[PDB]
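Report on the structure given below.
Counting neighbours? That spans all protein chains shown, and the Cβs are built from the backbone with ideal geometry, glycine included. Each answer follows from the model by the rule given with it, or from the source it names; nothing here is a laboratory result.
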Amino acid sequence: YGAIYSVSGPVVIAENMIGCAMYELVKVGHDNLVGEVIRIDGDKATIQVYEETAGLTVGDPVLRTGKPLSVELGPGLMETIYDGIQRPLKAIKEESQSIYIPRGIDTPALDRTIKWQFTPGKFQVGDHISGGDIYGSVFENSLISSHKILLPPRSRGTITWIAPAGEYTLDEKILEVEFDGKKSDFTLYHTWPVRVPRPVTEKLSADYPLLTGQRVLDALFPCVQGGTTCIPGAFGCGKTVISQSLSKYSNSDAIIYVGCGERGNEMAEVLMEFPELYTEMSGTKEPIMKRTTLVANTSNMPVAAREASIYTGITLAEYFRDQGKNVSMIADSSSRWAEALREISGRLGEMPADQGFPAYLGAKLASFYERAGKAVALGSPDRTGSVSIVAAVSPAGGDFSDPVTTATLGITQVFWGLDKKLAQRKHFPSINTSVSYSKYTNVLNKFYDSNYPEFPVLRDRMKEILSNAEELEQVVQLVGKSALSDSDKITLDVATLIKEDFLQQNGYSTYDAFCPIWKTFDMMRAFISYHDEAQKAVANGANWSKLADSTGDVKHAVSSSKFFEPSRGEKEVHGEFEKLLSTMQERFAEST
Amino acid sequence: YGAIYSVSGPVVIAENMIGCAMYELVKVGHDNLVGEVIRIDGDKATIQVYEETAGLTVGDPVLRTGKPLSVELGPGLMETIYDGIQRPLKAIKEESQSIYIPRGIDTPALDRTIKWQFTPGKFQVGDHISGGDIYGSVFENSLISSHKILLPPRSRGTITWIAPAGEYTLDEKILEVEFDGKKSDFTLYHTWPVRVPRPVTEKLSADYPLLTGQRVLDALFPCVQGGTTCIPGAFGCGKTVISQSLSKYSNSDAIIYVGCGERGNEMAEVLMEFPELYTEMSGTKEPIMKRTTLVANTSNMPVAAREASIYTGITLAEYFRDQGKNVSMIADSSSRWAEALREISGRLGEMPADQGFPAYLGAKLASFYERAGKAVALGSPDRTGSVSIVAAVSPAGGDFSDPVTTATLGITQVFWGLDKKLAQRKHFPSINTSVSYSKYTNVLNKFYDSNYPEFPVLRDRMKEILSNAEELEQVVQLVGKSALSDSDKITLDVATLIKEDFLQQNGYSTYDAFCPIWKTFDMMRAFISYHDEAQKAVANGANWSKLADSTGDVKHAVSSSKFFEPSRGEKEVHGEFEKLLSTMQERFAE
Amino acid sequence: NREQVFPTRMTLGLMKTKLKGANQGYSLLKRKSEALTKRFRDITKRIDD
Amino acid sequence: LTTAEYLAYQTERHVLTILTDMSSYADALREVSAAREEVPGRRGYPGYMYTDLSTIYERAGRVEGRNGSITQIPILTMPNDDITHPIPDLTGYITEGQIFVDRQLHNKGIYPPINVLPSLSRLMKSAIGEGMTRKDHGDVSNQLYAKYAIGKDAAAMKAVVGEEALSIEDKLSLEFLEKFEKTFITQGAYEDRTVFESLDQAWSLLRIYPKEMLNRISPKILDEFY
Amino acid sequence: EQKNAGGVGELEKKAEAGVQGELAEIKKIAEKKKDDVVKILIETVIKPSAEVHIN
Ligand SMILES: Nc1ncnc2c1ncn2[C@@H]1O[C@H](COP(=O)(O)OP(=O)(O)OP(=O)(O)O)[C@@H](O)[C@H]1O
Ligand SMILES: Nc1ncnc2c1ncn2[C@@H]1O[C@H](COP(=O)(O)OP(=O)(O)O)[C@@H](O)[C@H]1O
Ligand SMILES: [Mg+2]
Ligand SMILES: [Mg+2]
């Protein structure tokens, strides 16, 4: 037990703490505020407390827990909301009877009263169990069934006794492992330091796509299950809506939605809407909320806790990855994590580096983004999981030259840039098709050739059409459109149609809330066939103005193809699309 | 005998050292690493070590040498390679027998084993000798046929004994000066601090030009023997190529090629290329390395050596000026000297002033550049020397707003600004004609009236043509070149021809490596005559399109004038241009 | 609504030169348009006659 | 690099050192420099970052007596695609050239997207002479550089002023840019163009122009190869 | 092509036997010079130097 020596903002230099470790978790103040040691200058030890510093007196005791900031992995995480340091907000509200979060609440990170059905695994007494091996599973909810119980990493030995099938709480003993003559008792849960990535046997090259549900993201700039993703853009661009839509309609088994610096109203919207929505996975209609946990650390919450929120979320994602699930972390603002880092650095006194962001910001972002990736789990039985980190960067001033944005672009593989010009005029997703890139298009050729062989060719054709139209619009905006060729006019019209109908997706409309991969492929086929038919008809000799006058009906049918509800199914929607191409081909031959 | 109290990198802080003086060389460490005391904070004394501080412990002895940074001026340095201090790289390689530089090696700056032929001067025993006077003439090389053994400045007296003509080494005493009672002894060589300018009787106004060989420089932006020039530009742009062009082909009788903050392969290329080339300055053609000294300090050597190499080169050039030789020192990466200064200031903790550079950057650059200029060396017999300082500056990012670029621009008299746009298009020498200037044209009017009377008028005419064509090209870019005047089109075509065949020369091609003053004057006259003929013929009434169609042959001849080989001599080349003027005049009649 | 130029002193000077040239071209082309408009009005009157 | 030095010199091998993310190395230096509270340079980078980068880079080259060599190709990623950043600036000032990868060319779809204009090789002058390669290497390289610069200027002129205002030379240079970027630079992986084949293709590019327009080509080479 | 490809990857016994001679040579060299190397290591460990720091 030390003492507080200096309190300046979210940092507390506590004296009389010889023996404190780096990033060692402490309890600053009489209310036992959660803090982590940053510097140790002699007996002094600077601490970044993860709570409100108002009211800390010089001389308050500071306890040394002895262990780093440790998330509490285990059953019960899946349908919950956390405060950044893994404090269940429901439990805080129920215990406090107040709409506020009291300073120093020490509620357990996981509900201890709830009894979980336990089904022992293939292991038994005498089997040599290794770190990360599955010695049982628990039924968490209807959607995430068999929440496999993993032996903690770096814990190894022979199984002395295993709990039989039944109902158990988290505090109850579940397993006893003997290592070098010392027995170790294991429960349903286990702690893990958030700073250190959870070990895996061997990471793998991600190849299965992450079906976002947005047309442009799923087609033009695809993302794989197990790859970092960056979403820069100013306020109102659509990063939060893109993230929420990805969490709602992704093919991932679980979601780790992390909000650092995001509004509390976004968290309220997610909590209100996710249970209403349902998924077709697992052979039944179950609420989305049953497979997504939220790490809520809003902007008015303590500054230092944003880093803890990021690390807690990524460690939960790593846990559900080691369970063999396809998880996708969604950090709401890596930029806000970096701004928290800048505030802590400025209060500490380190050198500002660039823009004031600390010099270690790039390394921290690189490590956090390297936590993600498809990997084989650590222990037997063999199972493969993946963590896809899709983090929305928030540049200052709406310019992609911010240090956070530059580091994120350097480290991530997929860059979904957002332009505020399209953020206005209600052109969501406001994806800037010129600067955005995806480096998984090469690896995704296997999946595309397996399922939709014409998908890469159609995507390339649409990309080159968009580039040609960008050049044409650039030249026209200064030199008018009185000298364009018929082919140029066709390109401009078809790309305007693509922007107005295909690329733009109203995520809050029933028809365009979720455009699946097959619908997106069919609509790309429709638009590309329209462009090709127009080009061929005009090259045959037909004037473009007369052709447009005659084929306005076909153009309207193509542009209204987004209204086809995917709820009808793949067979029904594809049946209408096949008739759309056949009618369009006929209406381009009769007109010509 | 002090002791290191702190190291913290290249700047050790030795304690228990009283009586220290600023810029005094101490011997840091057990390996006797040399240094230079740069802050004396009481007993402690911050020292910038010229070698790699790695292993120096707290408690190692530091001893004060009792002398500032001094070079070993004398015979024996006309083909050697020196480090940032003055350490013979060839001798180091031949002694340590290693491809690296041994840490703390102590090799004499001059070879004491070579026996130098000595011939005493007019001074005899009993005469009153003054500092800077000549009392011998050592035959060093074929090019340097008489290395005058100057009496050290600030050392005078009555000659008590002089050695007779014979073969002497660099350690055998040659002269005994009575002085004020204390009979000193003077050998062939003599040391001199590098940060103290060598004395001169009186500096003069440099008149004769330094023929760079490059047409752009030697025609539009001339330099004089004794002038200070700068060649600022981003990486590339041909700063090093221009430097080596003035190193190989120049009117200077000696040269010190300083390479502070330069790649080792640059010095390797100099060492591999210079022995091949020959000049006829002496009676017969002799290799370049017989008149070239390399103060080569690669970029990975300590920043203190980068700081020291500039001063070592400039004081060697001052010595060869004091001998009466027209020297043209070529400093490389003066911006890297400034970067070494900035790093040293940062390690010290002094507050940077402009873009991170130290506040005294301008003062240091002025002190270094002011060492130039034609001057009469003190002492008898009288003889005139010159130190042209052709220093290359490499501003960060290619912007001429850098503090080092601004200070050098304010201090120097000539500025051969280089453009990245012209460099990337391989339009070398890539001289930015709009910004480049020379303040020595007013002085050089006399030499031009003596040798080539029409040169100043032609240079002014070409500058006016280039400026008018730049304005016309801006207007063309603005207004689409709609209905351009015939004279305007003539000026545009002539200036494009000038830029593509007179301001563009491959310094590595055999024909255009060196364009002499006479050849560049003839080419200037040919271009101006072509422009005047076109102007007059169109003013008579001829259409410019038809005139160009008819005179394409003359235009191609003027273009091939750049391909004319200067190796044929003045008589052949001048006659060839006489035909070109005759052909150009013939087209005027048609 | 801004050129994609990396912020630098050289870039700033280049853009100031570009702005001066753009203003000069604007003035020159407006004056040329005025002259050609006078010539076009004269040509229209001559065409009617 | 000390492993490379050992192999190349003490073993007489021909090492091809490939450093990647030298920008990340410089970021590590900045992290260490910031922690030490030393006086910073541009963008917070240490004032001695030039010396550290020079120490790393200058460990490559051939040595007398030894029959081995080190050929460094440090993969430097400019942070904001700006060559004026301290890391690329000091790297280009220390090293013997640079290969410039262009975001604009990558957007155009050219691989390798090597923007030849900012790229430079200071040893090209001595390594591309007669005997080592064909006698036309230097002239062809200079002519291609000049015509590509003219092409970029003509593209800017076409973008700003009307296309009809472009001269015949401007149109030819636009065509040269199109075929240079879309046929000469575009190579694809595993292509393996020999130097002589690349020179022949470059000549095919230069045969668009009449022999009169090719200023950078010397007359002898122009007569021999055109 | 598939049939030829399968045979290439099965070839590992030849590679294993090729190194088998190297292991025998290493074991022979060790068995030969163990006495000398261990004895000189023992001499080095047993015989220290009472050397004070130079500074
Ligand atoms: N895909 C979409 N479909 C329909 N409307 C959208 C879509 N994306 C965004 N919008 C609209 O634009 C608004 C943008 O808000 P959003 O939460 O996406 O902002 P943001 O860029 O994440 O901002 P912040 O940086 O402040 O968190 C939404 O509230 C919604 O009204
Ligand atoms: N006058 C010139 N003639 C021919 N090539 C030149 C000339 N000037 C520069 N170059 C070319 O520029 C390249 C690099 O120029 P250099 O002088 O090394 O740049 P820096 O000044 O940055 O060292 C060289 O490979 C050289 O071929
Ligand atoms: Mg948001
Ligand atoms: Mg250089």
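Name the one entry in D:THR51, D:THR17 that is among the hydroxyl-bearing types (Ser, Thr, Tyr) and more than 10 Å from chain B (Cβ to nearest Cβ).
The unique qualifying residue is D:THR17.
Would you check which residues across segment A:250-265 are within 11 Å of ligand 3 (Cβ to nearest atom) and of a type in the set (D, E, K, R) and list them?
Answer for segment A:250-265, where residues must be within 11 Å of ligand 3 (Cβ to nearest atom) and of a type in the set (D, E, K, R): A:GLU262, A:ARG263.
Within segment A:205-218, can one find any residue that is out of contact with any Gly (no Cβ under 9 Å at 6 or more places or on another chain) and within 25 Å of A:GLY379 (Cβ to Cβ)? Give the derivation first.
Step one: filter segment A:205-218 for residues out of contact with any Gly (no Cβ under 9 Å at 6 or more places or on another chain), giving A:209, A:211-212, A:215-218.
Next cut, within 25 Å of A:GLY379 (Cβ to Cβ) only: none.
No, segment A:205-218 contains no residue that is out of contact with any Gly (no Cβ under 9 Å at 6 or more places or on another chain) and within 25 Å of A:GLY379 (Cβ to Cβ).
Do we have D:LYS220 as more than 11 Å from chain B (Cβ to nearest Cβ) and assigned to a helix (DSSP H, G or I) here?
no
If you scan segment B:442-453, which residues turn out to be surrounded by fewer than 19 Cβ atoms within 10 Å (Cβ to Cβ) and of a type in the set (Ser, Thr, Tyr)?
Once the filter is applied, which keeps residues that are surrounded by fewer than 19 Cβ atoms within 10 Å (Cβ to Cβ) and of a type in the set (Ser, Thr, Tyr), segment B:442-453 yields B:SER450, B:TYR452.
Under 8 Å between Cβ atoms, at least 6 apart or on separate chains: pull out the pairs that start in segment A:466-487 with a residue that is within 24 Å of A:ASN432 (Cβ to Cβ) and end on any residue that is polar (S, T, N, Q) and part of a helix (DSSP H, G or I).
Taking only residues 6 or more apart or on different chains, the pairs are A:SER467/D:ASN107; A:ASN468/A:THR491; A:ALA469/A:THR491; A:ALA469/A:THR496; A:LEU472/A:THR491.
Identify, from the list B:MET281, B:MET267, B:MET289, the residue that is in a helix (DSSP H, G or I), assigned by CATH to the domain that holds B:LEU422 and away from ligand 4 (no atom under 16 Å from the Cβ).
Only one candidate qualifies: B:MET289.
Where residues in segment A:419-454 are polar (S, T, N, Q) and more than 30 Å from C:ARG2 (Cα to Cα), which of them is nearest to ligand 3 (Cβ to nearest atom)?
A:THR441
Residue under question is B:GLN355, and the condition is that it be more than 14 Å from every other protein chain (Cβ to nearest Cβ) and surrounded by fewer than 22 Cβ atoms within 10 Å (Cβ to Cβ); does it hold?
Here the answer is no, as B:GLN355 does not meet what is asked.
Is it true that D:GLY131 is facing another protein chain (nearest Cβ under 9 Å) and on the phi > 0 side of the Ramachandran plot?
Working: facing another protein chain (nearest Cβ under 9 Å): no; on the phi > 0 side of the Ramachandran plot: yes.
Spelling it out, it is not the case that D:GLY131 is facing another protein chain (nearest Cβ under 9 Å) and on the phi > 0 side of the Ramachandran plot.
Taking segment D:140-178, which residues are of a type in the set (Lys, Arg) and loosely packed, with under 15 Cβ neighbours inside 10 Å?
Answer for segment D:140-178, where residues must be of a type in the set (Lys, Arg) and loosely packed, with under 15 Cβ neighbours inside 10 Å: just D:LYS171.
Do you know which residues across segment A:512-568 are within 37 Å of the chain's Cα centre (by Cα), closer than 22 Å to A:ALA589 by Cβ and among the small types (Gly, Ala, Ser)?
Scanning segment A:512-568 gives A:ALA526, A:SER529, A:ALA557, A:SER559, A:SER560, A:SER561.
What's the number of the condition A:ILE85 fails, among (1) out of contact with any helix residue (DSSP H, G or I) (no Cβ under 6 Å at 6 or more places or on another chain); (2) in the same structural domain as A:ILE288 (by CATH); (3) surrounded by 20 or more Cβ atoms within 10 Å (Cβ to Cβ)?
Failed condition: (1).
Give segment A:469-511 a look and list any residue that's within 13 Å of another protein chain (Cβ to nearest Cβ) and surrounded by 17 or more Cβ atoms within 10 Å (Cβ to Cβ), or say none. I'd like the intermediate steps shown before the answer.
Going through segment A:469-511, the residues within 13 Å of another protein chain (Cβ to nearest Cβ) turn out to be A:470-480, A:482-485, A:488.
Passing the criteria: A:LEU472, A:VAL475, A:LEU484, A:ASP488.
Please list, ordered by first then second residue, the pairs with beta carbon atoms under 7 Å, 6 or more apart or interchain, first in segment D:23-48 and more than 7 Å from every other protein chain (Cβ to nearest Cβ), second β-branched (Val, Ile, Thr).
D:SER23/D:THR77; D:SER23/D:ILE87; D:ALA26/D:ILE87
Does segment A:366-392 hold any residues that are within 14 Å of another protein chain (Cβ to nearest Cβ) and touching a strand residue (DSSP E or B) at 6+ places or on another chain (Cβ under 9 Å), and which are they?
A:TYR369
Against the condition touching a residue at least 24 places away in the same chain (Cβ under 8 Å), assigned by CATH to the domain that holds B:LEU341, in contact with a helix residue (DSSP H, G or I) (Cβ under 7 Å, 6 or more places away or on another chain) and surrounded by 20 or more Cβ atoms within 10 Å (Cβ to Cβ), how does B:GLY313 come out, does it pass?
no
Which pairs have Cβ atoms under 6 Å, sit 6 or more apart or on different chains, and link a residue in segment A:229-242 that is under 11 Å from A:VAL414 (Cα atoms) to one that is in a helix (DSSP H, G or I) and near ligand 1 (Cβ under 6 Å from one of its atoms)?
Pairs found: A:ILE231/A:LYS239.
Taking strands (runs of 3 or more DSSP E) that fall entirely within segment B:1-82, which contain at least 1 residues that are of a type in the set (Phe, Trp, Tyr)? Give the derivation first.
Values: elements: B:2-6, B:11-15, B:24-28, B:37-39, B:45-48, B:61-68, B:70-73.
Ranges flagged: B:2-6.
State whether the residues of segment D:58-78 include one that is within 14 Å of chain B (Cβ to nearest Cβ), in contact with a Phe, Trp or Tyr (Cβ under 8 Å, 6 or more places away or on another chain) and in a helix (DSSP H, G or I).
no
When you go through B:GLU370, B:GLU339 one by one, which is the residue that is of a type in the set (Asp, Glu), within 21 Å of B:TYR82 (Cα to Cα) and in contact (Cβ under 8 Å) with a residue 40 or more places away in the chain? Step through it out loud before you land on a result.
Working: B:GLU370 fails: within 21 Å of B:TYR82 (Cα to Cα).
Answer to the check: B:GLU339.
If you check A:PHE274 against the conditions, is it of a type in the set (A, V, I, L, M, F, W, C), more than 14 Å from every other protein chain (Cβ to nearest Cβ), within 16 Å of ligand 3 (Cβ to nearest atom) and surrounded by fewer than 24 Cβ atoms within 10 Å (Cβ to Cβ)?
no
Which members of segment A:128-151 meet the condition of being of a type outside the set (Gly, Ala, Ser) and surrounded by fewer than 16 Cβ atoms within 10 Å (Cβ to Cβ)? Even if it seems obvious, please write down each step before you answer.
Within segment A:128-151, the subset of a type outside the set (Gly, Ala, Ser) is A:128-129, A:133-135, A:138-141, A:143-144, A:147-151.
Result: A:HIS128, A:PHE139.
Tell me which strands (runs of 3 or more DSSP E) are completely within segment A:173-213 and hold 2 or more residues being among the polar types (S, T, N, Q), in contact with a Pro (Cβ under 8 Å, 6 or more places away or on another chain) and over 20 Å from A:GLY76 (Cα atoms), or say none if there are none.
On the way: elements: A:175-179, A:182-186, A:190-193.
Here the list is empty.
Which of the residues belonging to segment D:79-105 are in contact with a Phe, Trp or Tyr (Cβ under 6 Å, 6 or more places away or on another chain) and touching a residue at least 40 places away in the same chain (Cβ under 8 Å)?
Across segment D:79-105, the qualifying residues are D:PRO86, D:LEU90, D:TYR93, D:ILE94.
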